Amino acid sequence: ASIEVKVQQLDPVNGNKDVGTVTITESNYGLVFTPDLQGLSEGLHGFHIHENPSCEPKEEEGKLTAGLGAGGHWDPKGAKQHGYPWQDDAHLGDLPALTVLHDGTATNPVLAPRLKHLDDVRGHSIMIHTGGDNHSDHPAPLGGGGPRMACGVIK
């Protein structure tokens, strides 16, 4: 079983652009997210499951903000803090950082040990940030992910 998520670079002005997919599979140690993306800025990128199954933008203080429609990091256990994928008292949506190579592609799979079944993540969104993820709210909030650069809805 698997879930192929279509991911798009968010552009509230001229329209979202397809950048590939992220395929979710189950392993004996948790859900595995295998990316097949391209056209992205090289480096480490914050990667988390957000609460709403939406990648639409939302007006925030006069600005149509990319991906705000997805809401915050998925936190069904009410951890109320950003952490490591292997930290029990961190948002359940906190996944390992995504690696984008020099050529703008991302194909390295990552494991989210706290997620066990595919049905558990359906009805939410996967977000890729412009910044990275140090898995802490220190010194920057939410791992320093910053703006939402790409997103897909898990169905």
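The numbering used is simple: start at 1 and walk along the sequence shown.
Legend: mean Cα B-factor per stretch from the PDB entry, 50-58 versus 94-102; the higher mean is in 50-58. In this entry, 62-70 shows the higher mean Cα temperature factor of the pair 122-130 and 62-70. Sort the chain's modelled residues by C-alpha temperature factor and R114 lands in the middle third, per the entry.
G43 sits in the lowest third of its chain by CA B factor, as recorded in the PDB entry. When the CA B factors of the chain's modelled residues are split into thirds, the value for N108 lands in the lowest one. Ranked by C-alpha B-factor against the other modelled residues of its chain, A1 falls in the highest third.
When all modelled residues of the chain are sorted by CA temperature factor, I154 is found within the highest third.
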